[PDB]
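Have a look at work_14.cif; it's mmCIF, C-alpha atoms and all ligand atoms:
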data_coords
#
loop_
_atom_site.label_atom_id
_atom_site.label_comp_id
_atom_site.auth_asym_id
_atom_site.auth_seq_id
_atom_site.Cartn_x
_atom_site.Cartn_y
_atom_site.Cartn_z
CA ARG T 1 16.82 -17.04 -19.53
CA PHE T 2 15.35 -17.65 -23.08
CA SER T 3 18.16 -17.76 -25.77
CA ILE T 4 17.12 -18.32 -29.49
CA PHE T 5 20.10 -20.74 -30.03
CA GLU T 6 19.93 -22.73 -26.74
CA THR T 7 16.23 -23.46 -27.69
CA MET T 8 17.17 -24.36 -31.34
CA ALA T 9 19.89 -26.69 -29.86
CA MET T 10 17.69 -28.33 -27.11
CA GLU T 11 14.64 -28.79 -29.47
CA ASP T 12 16.69 -29.25 -32.75
CA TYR T 13 15.28 -26.39 -34.89
CA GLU T 14 16.85 -26.01 -38.41
CA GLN T 15 16.14 -22.33 -39.27
CA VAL T 16 14.40 -19.15 -37.93
CA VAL T 17 13.98 -16.26 -40.49
CA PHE T 18 13.23 -12.65 -39.31
CA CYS T 19 11.76 -10.49 -42.16
CA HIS T 20 11.11 -6.68 -42.30
CA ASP T 21 9.73 -4.34 -45.02
CA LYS T 22 9.76 -0.50 -44.46
CA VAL T 23 6.57 0.70 -46.33
CA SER T 24 4.37 -2.25 -45.11
CA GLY T 25 5.87 -2.15 -41.55
CA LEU T 26 6.16 -6.00 -41.90
CA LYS T 27 7.71 -7.78 -38.86
CA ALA T 28 7.50 -11.56 -39.65
CA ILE T 29 9.12 -14.70 -38.09
CA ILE T 30 9.30 -17.85 -40.31
CA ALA T 31 10.23 -20.81 -38.04
CA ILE T 32 11.42 -24.14 -39.62
CA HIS T 33 11.90 -27.05 -37.12
CA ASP T 34 12.57 -30.26 -39.17
CA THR T 35 12.47 -30.83 -43.00
CA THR T 36 13.63 -34.53 -43.03
CA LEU T 37 10.30 -35.49 -44.74
CA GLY T 38 10.16 -32.53 -47.18
CA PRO T 39 9.29 -28.81 -47.35
CA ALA T 40 8.04 -27.23 -44.05
CA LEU T 41 4.27 -26.55 -44.36
CA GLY T 42 2.63 -24.26 -41.75
CA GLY T 43 -0.05 -21.52 -41.59
CA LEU T 44 0.80 -17.79 -41.67
CA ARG T 45 -0.72 -16.37 -38.44
CA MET T 46 -1.12 -12.58 -37.74
CA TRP T 47 -1.31 -11.39 -34.08
CA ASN T 48 -0.65 -8.35 -31.79
CA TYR T 49 2.26 -9.90 -29.79
CA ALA T 50 3.30 -7.91 -26.65
CA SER T 51 7.07 -8.30 -27.55
CA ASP T 52 9.45 -9.75 -30.20
CA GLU T 53 10.05 -12.64 -27.67
CA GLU T 54 6.28 -13.54 -27.31
CA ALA T 55 6.14 -13.94 -31.16
CA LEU T 56 9.38 -15.99 -31.52
CA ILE T 57 8.23 -18.43 -28.72
CA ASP T 58 4.78 -18.82 -30.45
CA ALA T 59 6.42 -19.27 -33.92
CA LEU T 60 8.87 -21.95 -32.60
CA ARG T 61 6.16 -23.73 -30.45
CA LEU T 62 3.75 -23.89 -33.45
CA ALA T 63 6.53 -24.94 -35.93
CA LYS T 64 7.65 -28.00 -33.86
CA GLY T 65 3.84 -28.65 -33.64
CA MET T 66 3.57 -29.01 -37.46
CA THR T 67 6.63 -31.39 -37.53
CA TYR T 68 4.51 -33.92 -35.47
CA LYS T 69 1.11 -33.02 -37.07
CA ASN T 70 2.53 -33.61 -40.63
CA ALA T 71 4.86 -36.59 -39.81
CA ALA T 72 2.00 -38.52 -38.04
CA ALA T 73 -0.46 -37.50 -40.85
CA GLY T 74 1.86 -39.52 -43.19
CA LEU T 75 2.62 -36.34 -45.18
CA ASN T 76 5.99 -35.75 -46.93
CA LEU T 77 6.26 -32.33 -45.18
CA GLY T 78 8.39 -30.85 -42.35
CA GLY T 79 7.46 -28.59 -39.40
CA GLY T 80 7.27 -24.84 -40.10
CA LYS T 81 5.04 -21.91 -39.12
CA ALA T 82 5.09 -18.17 -39.91
CA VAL T 83 3.82 -15.23 -37.83
CA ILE T 84 3.31 -11.47 -38.52
CA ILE T 85 3.40 -9.06 -35.49
CA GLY T 86 0.57 -6.45 -35.71
CA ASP T 87 -3.20 -5.64 -35.69
CA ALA T 88 -5.04 -7.83 -38.30
CA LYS T 89 -7.86 -5.17 -38.11
CA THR T 90 -5.73 -2.17 -39.26
CA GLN T 91 -2.27 -3.20 -40.69
CA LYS T 92 -3.12 -5.66 -43.53
CA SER T 93 -1.99 -4.10 -46.89
CA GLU T 94 -1.13 -5.50 -50.36
CA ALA T 95 2.55 -4.56 -49.67
CA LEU T 96 2.45 -6.44 -46.30
CA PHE T 97 1.48 -9.84 -47.86
CA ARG T 98 3.46 -9.33 -51.14
CA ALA T 99 6.65 -8.46 -49.14
CA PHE T 100 6.07 -11.51 -46.86
CA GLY T 101 5.46 -13.78 -49.93
CA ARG T 102 8.77 -12.50 -51.39
CA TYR T 103 10.58 -13.61 -48.16
CA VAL T 104 8.74 -17.02 -48.59
CA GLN T 105 10.16 -17.15 -52.18
CA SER T 106 13.62 -16.30 -50.63
CA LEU T 107 13.66 -19.76 -48.87
CA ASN T 108 13.09 -21.48 -52.29
CA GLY T 109 10.33 -23.86 -51.06
CA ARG T 110 11.73 -24.82 -47.61
CA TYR T 111 8.60 -23.00 -46.27
CA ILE T 112 5.10 -23.48 -47.85
CA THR T 113 2.50 -21.10 -46.24
CA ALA T 114 -1.34 -21.29 -46.02
CA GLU T 115 -4.21 -19.42 -44.21
CA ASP T 116 -4.27 -19.76 -40.37
CA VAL T 117 -5.40 -17.26 -37.61
CA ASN T 118 -6.25 -13.67 -38.81
CA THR T 119 -5.27 -14.61 -42.44
CA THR T 120 -7.64 -15.33 -45.38
CA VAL T 121 -7.59 -16.71 -48.99
CA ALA T 122 -7.54 -12.96 -49.94
CA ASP T 123 -4.23 -12.54 -47.97
CA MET T 124 -2.79 -15.78 -49.49
CA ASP T 125 -3.67 -14.42 -53.01
CA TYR T 126 -1.34 -11.43 -52.31
CA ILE T 127 1.38 -13.92 -51.15
CA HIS T 128 0.65 -15.95 -54.38
CA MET T 129 1.55 -12.82 -56.46
CA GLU T 130 5.24 -13.36 -55.36
CA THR T 131 5.57 -17.16 -54.70
CA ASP T 132 4.02 -20.57 -55.63
CA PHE T 133 5.02 -21.82 -52.08
CA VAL T 134 1.47 -21.03 -50.78
CA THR T 135 -1.58 -23.37 -50.63
CA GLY T 136 -5.40 -22.97 -50.30
CA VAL T 137 -5.46 -20.47 -53.27
CA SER T 138 -6.25 -22.50 -56.51
CA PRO T 139 -9.60 -22.43 -58.41
CA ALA T 140 -10.08 -26.20 -57.54
CA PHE T 141 -9.60 -25.50 -53.76
CA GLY T 142 -11.73 -22.31 -54.26
CA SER T 143 -14.68 -24.20 -55.91
CA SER T 144 -15.17 -27.41 -53.83
CA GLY T 145 -12.38 -27.10 -51.17
CA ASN T 146 -14.31 -25.50 -48.21
CA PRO T 147 -12.19 -26.95 -45.40
CA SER T 148 -14.33 -27.23 -42.17
CA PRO T 149 -16.21 -30.51 -43.02
CA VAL T 150 -12.82 -32.26 -43.79
CA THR T 151 -11.18 -31.36 -40.40
CA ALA T 152 -14.53 -32.55 -38.89
CA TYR T 153 -14.46 -35.92 -40.77
CA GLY T 154 -10.86 -36.35 -39.47
CA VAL T 155 -12.06 -35.82 -35.83
CA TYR T 156 -15.17 -38.03 -36.42
CA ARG T 157 -13.05 -40.91 -37.86
CA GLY T 158 -10.49 -40.56 -35.00
CA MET T 159 -13.27 -40.69 -32.31
CA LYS T 160 -14.74 -43.86 -33.97
CA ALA T 161 -11.19 -45.39 -33.64
CA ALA T 162 -10.91 -44.48 -29.90
CA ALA T 163 -14.45 -45.89 -29.23
CA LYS T 164 -13.43 -49.27 -30.85
CA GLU T 165 -10.59 -49.55 -28.23
CA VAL T 166 -12.52 -48.74 -24.95
CA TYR T 167 -16.11 -49.91 -25.87
CA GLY T 168 -15.07 -52.88 -28.14
CA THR T 169 -17.23 -51.43 -31.02
CA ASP T 170 -16.62 -48.33 -33.24
CA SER T 171 -20.42 -47.63 -33.19
CA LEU T 172 -21.26 -44.17 -31.66
CA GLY T 173 -24.94 -45.33 -31.56
CA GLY T 174 -26.60 -44.05 -28.33
CA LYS T 175 -23.34 -42.47 -27.02
CA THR T 176 -23.36 -39.04 -25.27
CA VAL T 177 -20.66 -36.58 -26.54
CA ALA T 178 -19.89 -33.36 -24.59
CA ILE T 179 -18.86 -30.81 -27.31
CA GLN T 180 -16.99 -27.63 -26.23
CA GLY T 181 -17.55 -25.05 -29.05
CA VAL T 182 -19.96 -25.10 -32.06
CA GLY T 183 -17.82 -23.27 -34.71
CA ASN T 184 -17.89 -24.50 -38.38
CA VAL T 185 -15.67 -27.64 -37.76
CA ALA T 186 -17.65 -28.63 -34.58
CA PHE T 187 -21.08 -28.06 -36.29
CA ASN T 188 -20.01 -30.63 -39.00
CA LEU T 189 -18.70 -33.15 -36.35
CA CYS T 190 -22.18 -32.82 -34.67
CA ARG T 191 -23.81 -33.77 -38.06
CA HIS T 192 -21.84 -37.10 -38.43
CA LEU T 193 -22.58 -37.76 -34.68
CA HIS T 194 -26.38 -37.02 -34.90
CA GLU T 195 -26.69 -39.17 -38.11
CA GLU T 196 -25.07 -42.13 -36.19
CA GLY T 197 -27.73 -41.61 -33.42
CA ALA T 198 -25.60 -39.96 -30.65
CA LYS T 199 -26.72 -37.55 -27.85
CA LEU T 200 -25.03 -34.10 -27.95
CA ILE T 201 -24.38 -31.76 -24.98
CA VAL T 202 -22.78 -28.51 -26.33
CA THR T 203 -21.57 -25.02 -25.22
CA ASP T 204 -20.30 -21.90 -27.10
CA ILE T 205 -19.47 -18.24 -26.21
CA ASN T 206 -21.98 -17.37 -29.06
CA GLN T 207 -25.83 -17.59 -28.69
CA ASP T 208 -26.86 -17.65 -32.42
CA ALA T 209 -24.33 -20.56 -32.81
CA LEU T 210 -25.95 -22.48 -29.86
CA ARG T 211 -29.57 -22.14 -31.17
CA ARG T 212 -28.55 -23.25 -34.76
CA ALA T 213 -27.11 -26.38 -33.02
CA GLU T 214 -30.10 -27.33 -30.75
CA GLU T 215 -32.46 -26.50 -33.72
CA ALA T 216 -30.65 -28.90 -36.17
CA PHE T 217 -29.40 -31.82 -33.92
CA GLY T 218 -31.66 -31.21 -30.85
CA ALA T 219 -28.52 -30.86 -28.63
CA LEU T 220 -28.94 -30.06 -24.88
CA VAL T 221 -27.28 -26.61 -24.25
CA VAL T 222 -25.10 -26.20 -21.08
CA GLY T 223 -22.98 -23.40 -19.48
CA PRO T 224 -19.33 -22.97 -20.65
CA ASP T 225 -18.06 -23.95 -17.11
CA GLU T 226 -20.38 -27.02 -16.80
CA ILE T 227 -19.21 -28.91 -20.01
CA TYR T 228 -16.32 -30.82 -18.20
CA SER T 229 -18.54 -32.01 -15.24
CA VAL T 230 -21.48 -33.07 -17.56
CA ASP T 231 -22.43 -36.82 -17.72
CA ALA T 232 -21.20 -38.09 -21.15
CA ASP T 233 -19.00 -40.86 -22.70
CA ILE T 234 -16.78 -38.62 -24.96
CA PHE T 235 -15.45 -35.02 -24.46
CA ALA T 236 -14.75 -33.16 -27.78
CA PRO T 237 -12.86 -29.86 -27.16
CA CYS T 238 -13.40 -27.85 -30.43
CA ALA T 239 -13.09 -24.23 -29.10
CA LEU T 240 -9.79 -23.27 -27.38
CA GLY T 241 -6.56 -25.05 -26.35
CA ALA T 242 -5.27 -25.67 -22.78
CA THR T 243 -8.91 -26.81 -22.00
CA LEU T 244 -7.45 -30.08 -20.50
CA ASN T 245 -5.73 -28.75 -17.31
CA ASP T 246 -5.42 -28.91 -13.46
CA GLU T 247 -8.99 -27.53 -13.11
CA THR T 248 -11.04 -29.37 -15.84
CA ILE T 249 -9.56 -32.93 -15.91
CA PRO T 250 -10.73 -34.08 -12.39
CA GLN T 251 -14.35 -33.06 -13.45
CA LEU T 252 -14.39 -35.30 -16.60
CA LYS T 253 -16.92 -38.21 -16.39
CA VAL T 254 -15.95 -39.30 -19.99
CA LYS T 255 -13.77 -42.31 -21.09
CA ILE T 256 -12.45 -40.59 -24.32
CA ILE T 257 -11.25 -37.09 -25.40
CA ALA T 258 -11.63 -36.57 -29.20
CA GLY T 259 -11.91 -32.91 -30.36
CA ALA T 260 -10.78 -30.52 -33.14
CA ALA T 261 -8.88 -27.89 -31.04
CA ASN T 262 -5.05 -27.55 -31.47
CA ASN T 263 -3.02 -27.98 -28.20
CA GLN T 264 -5.85 -29.43 -26.01
CA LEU T 265 -3.15 -30.12 -23.29
CA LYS T 266 -2.12 -26.99 -21.29
CA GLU T 267 1.03 -28.95 -20.20
CA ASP T 268 2.31 -32.55 -20.84
CA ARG T 269 1.51 -33.53 -17.18
CA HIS T 270 -2.20 -33.11 -18.22
CA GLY T 271 -1.51 -35.85 -20.81
CA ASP T 272 -0.19 -38.14 -18.01
CA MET T 273 -3.14 -37.16 -15.68
CA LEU T 274 -5.81 -38.23 -18.24
CA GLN T 275 -3.64 -41.42 -18.27
CA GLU T 276 -3.75 -42.02 -14.43
CA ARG T 277 -7.51 -41.08 -14.47
CA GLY T 278 -8.02 -43.95 -17.02
CA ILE T 279 -9.32 -41.60 -19.82
CA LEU T 280 -8.12 -42.27 -23.43
CA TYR T 281 -6.71 -38.91 -24.71
CA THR T 282 -6.78 -39.07 -28.57
CA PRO T 283 -4.05 -36.48 -29.27
CA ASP T 284 -4.84 -33.10 -30.96
CA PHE T 285 -2.27 -33.19 -33.85
CA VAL T 286 -3.27 -36.76 -34.91
CA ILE T 287 -7.12 -36.33 -34.90
CA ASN T 288 -7.42 -32.75 -36.33
CA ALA T 289 -4.77 -33.40 -39.06
CA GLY T 290 -7.63 -33.35 -41.67
CA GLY T 291 -7.08 -29.54 -41.99
CA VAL T 292 -3.40 -29.79 -43.11
CA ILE T 293 -3.99 -33.01 -45.18
CA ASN T 294 -6.61 -30.91 -47.17
CA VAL T 295 -4.14 -28.09 -48.20
CA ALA T 296 -1.26 -30.63 -48.67
CA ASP T 297 -3.55 -32.31 -51.30
CA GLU T 298 -3.59 -29.09 -53.45
CA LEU T 299 0.24 -29.41 -53.93
CA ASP T 300 -0.60 -32.48 -56.14
CA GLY T 301 -3.61 -30.77 -57.92
CA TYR T 302 -6.59 -30.56 -55.49
CA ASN T 303 -9.22 -33.39 -55.40
CA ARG T 304 -11.67 -33.42 -52.42
CA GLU T 305 -12.57 -37.15 -52.96
CA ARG T 306 -8.82 -38.07 -52.63
CA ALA T 307 -8.48 -35.70 -49.61
CA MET T 308 -11.52 -37.30 -47.84
CA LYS T 309 -10.31 -40.90 -48.66
CA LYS T 310 -6.88 -39.91 -47.15
CA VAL T 311 -8.54 -38.31 -44.02
CA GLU T 312 -10.86 -41.40 -43.64
CA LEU T 313 -7.53 -43.05 -42.55
CA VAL T 314 -7.20 -40.83 -39.38
CA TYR T 315 -8.97 -43.90 -37.79
CA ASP T 316 -5.96 -46.17 -38.71
CA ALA T 317 -3.51 -43.45 -37.43
CA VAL T 318 -5.35 -43.17 -34.02
CA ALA T 319 -5.55 -47.03 -33.74
CA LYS T 320 -1.71 -47.11 -34.30
CA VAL T 321 -1.12 -44.53 -31.46
CA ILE T 322 -3.24 -46.79 -29.13
CA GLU T 323 -1.29 -49.95 -30.24
CA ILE T 324 2.02 -48.01 -29.56
CA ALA T 325 0.80 -46.83 -26.08
CA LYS T 326 0.02 -50.48 -25.03
CA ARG T 327 3.17 -51.99 -26.76
CA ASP T 328 5.72 -49.37 -25.40
CA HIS T 329 3.65 -48.90 -22.12
CA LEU T 330 3.37 -45.10 -22.87
CA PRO T 331 0.61 -42.46 -22.45
CA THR T 332 -1.35 -41.77 -25.74
CA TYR T 333 0.23 -38.31 -26.39
CA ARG T 334 3.82 -39.68 -25.92
CA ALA T 335 2.89 -42.67 -28.22
CA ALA T 336 1.75 -40.12 -30.91
CA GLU T 337 5.06 -38.17 -30.52
CA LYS T 338 7.00 -41.52 -30.81
CA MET T 339 4.94 -42.63 -33.92
CA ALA T 340 5.87 -39.27 -35.61
CA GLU T 341 9.62 -39.49 -34.56
CA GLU T 342 9.72 -43.24 -35.62
CA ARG T 343 8.38 -42.28 -39.12
CA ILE T 344 10.83 -39.28 -39.53
CA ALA T 345 13.81 -41.54 -38.52
CA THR T 346 12.58 -44.49 -40.71
CA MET T 347 12.24 -42.39 -43.95
CA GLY T 348 15.55 -40.51 -43.23
CA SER T 349 17.13 -44.02 -43.38
CA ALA T 350 14.94 -45.65 -46.14
CA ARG T 351 15.80 -42.75 -48.61
CA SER T 352 19.57 -42.47 -47.72
CA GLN T 353 20.84 -43.99 -51.04
CA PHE T 354 21.93 -41.59 -53.87
CA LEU T 355 19.59 -40.64 -56.76
CA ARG T 356 20.42 -37.88 -59.32
CA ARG T 357 16.85 -36.62 -58.63
CA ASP T 358 14.78 -37.40 -55.46
CA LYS T 359 10.97 -36.91 -55.97
CA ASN T 360 9.38 -34.43 -53.47
CA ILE T 361 5.83 -33.00 -52.91
CA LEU T 362 6.67 -29.73 -54.81
CA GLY T 363 5.52 -30.85 -58.31
CA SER T 364 6.63 -27.91 -60.53
CA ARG T 365 8.60 -25.89 -57.88
CA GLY T 366 8.19 -22.09 -58.56
CA CA S 401 12.83 -3.32 -47.27
CA CA S 402 8.83 0.35 -40.31
CA CA S 403 3.65 -31.16 -30.16
CA CA S 404 -5.78 -27.32 -37.72
#

Please render this file's structure as structure tokens.
Ligand SMILES: [Ca+2]
Ligand SMILES: [Ca+2]
Ligand SMILES: [Ca+2]
Ligand SMILES: [Ca+2]
Amino acid sequence: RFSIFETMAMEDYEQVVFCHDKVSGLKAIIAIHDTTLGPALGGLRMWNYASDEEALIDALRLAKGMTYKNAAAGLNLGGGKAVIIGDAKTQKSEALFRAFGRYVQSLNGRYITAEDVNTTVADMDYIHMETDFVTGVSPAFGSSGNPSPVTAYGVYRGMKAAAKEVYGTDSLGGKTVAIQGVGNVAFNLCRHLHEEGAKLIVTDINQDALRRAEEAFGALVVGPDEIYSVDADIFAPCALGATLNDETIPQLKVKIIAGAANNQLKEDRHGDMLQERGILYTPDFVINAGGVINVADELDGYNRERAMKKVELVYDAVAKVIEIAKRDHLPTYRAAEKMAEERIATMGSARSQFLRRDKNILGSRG
């Protein structure tokens, strides 16, 4: 059934750009959903898609995702995402990333790219050779801009906010948090949680990762399949997405979900289930926004203190989604979508009077 244009119509996508270069064998999709708030910011992601169609669907899905992520995050950015089709192991060249960066320069700052999955500051520095519409590449972001602890602080602050609602106190003192995954971002969330005096049950597909964790925080290890059934107050999915589904959600003994993974929900039903089951689902794209807020900050000359003080406010953003769920009698995830759509609409109206020059987040556009 799937028709590029019927999807763009139904979902209201602005632009989808297909890019090819001969010598680099570049096949790239830049997807731009909504730019009401400003330039579309979204990671470049490289992957071995089975078909053109697989890649388009992923590009579109992830682009609309950034529209909500960025809008809710209070950022003056739209929803975009780019995607290269190929083997990240074998097909990265200079020409690949230069050619792509040229096609990013072609859109004259409607798309701003950054590192995502299977792409690195090294790749972005090739893009940077052709365009200034790339972020996470400056000396300031290079020196003291190491992103993991900032995403983590976002998630930490958002969890605090959720706890205030259900428990009546934002203290995570003597709370048990089930933590799926102990990657960089998770490891740093564990640190804030241990320092507040919280009990940590964890899992990971990696053994060295697990032992580093139990060594440093004294966390009880548990089997990948057990983590959902475990007896804890808060579940924190920080590994993969679609971890909240038909199979896992009935197991949950927790009162809050508050993790770092993108697209925790496998389907929207799973949002409404967590609802019926009386579990407060603190939505992905609100809580883990810290990552995008960090690169967005570079656009204005990077300052980690300012980034952290802006991410500190993920608490206030979560608390607003809760308020909106109660007030509009909606499930958390649909309240977060509303909050983002309310803001887009509001600023589309509040800035609809003529100025010879409107100020946007591109300082010196290049
Ligand atoms: Ca060419
Ligand atoms: Ca070719
Ligand atoms: Ca979404
Ligand atoms: Ca992220």

Name the residues, by chain letter and number, that sit within 10 Å of ligand CA 403 (chain S) using only C-alpha atoms and all ligand atoms, and give them as a list in words. residues 61, 62, 63, 64, 65, 66, 67, 68, 69, 262, 263, 265, 268, 283, 284, 285, 333, 334, 336 and 337 of chain T

Give as a PyMOL selection string the residues surrounding ligand CA 401 (chain S) up to a distance of 7 Å, considering only C-alpha atoms and all ligand atoms. chain T and resi 20-22

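Shortest atom-to-atom contact with ligand CA 404 (chain S) among T:129, T:213, T:259, T:193: T:259, counting all atoms listed in the file.
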
Hey, what's within 10 Å of residue T:220 if we count only C-alpha atoms and toss same-chain stuff fewer than 3 positions away? As a PyMOL selection string, please? chain T and resi 178+199-203+210+213-214+217

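Put simply, atom CA of residue T:4 is 21.4 Å away from atom CA of residue T:36.
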
Best match for closeness to ligand CA 404 (chain S) among T:295, T:345, T:17, T:85, counting all atoms listed in the file: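 Ranked by minimum distance to ligand CA 404 (chain S), first place goes to T:295.
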
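Distance-wise, atom CA of residue T:157 and atom CA of residue T:196 end up 12.2 Å apart.
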
Quick one: pull the distance between atom CA of residue T:211 and atom CA of residue T:181, Å, one decimal.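 Spanning atom CA of residue T:211 to atom CA of residue T:181 is a straight-line distance of 12.5 Å.
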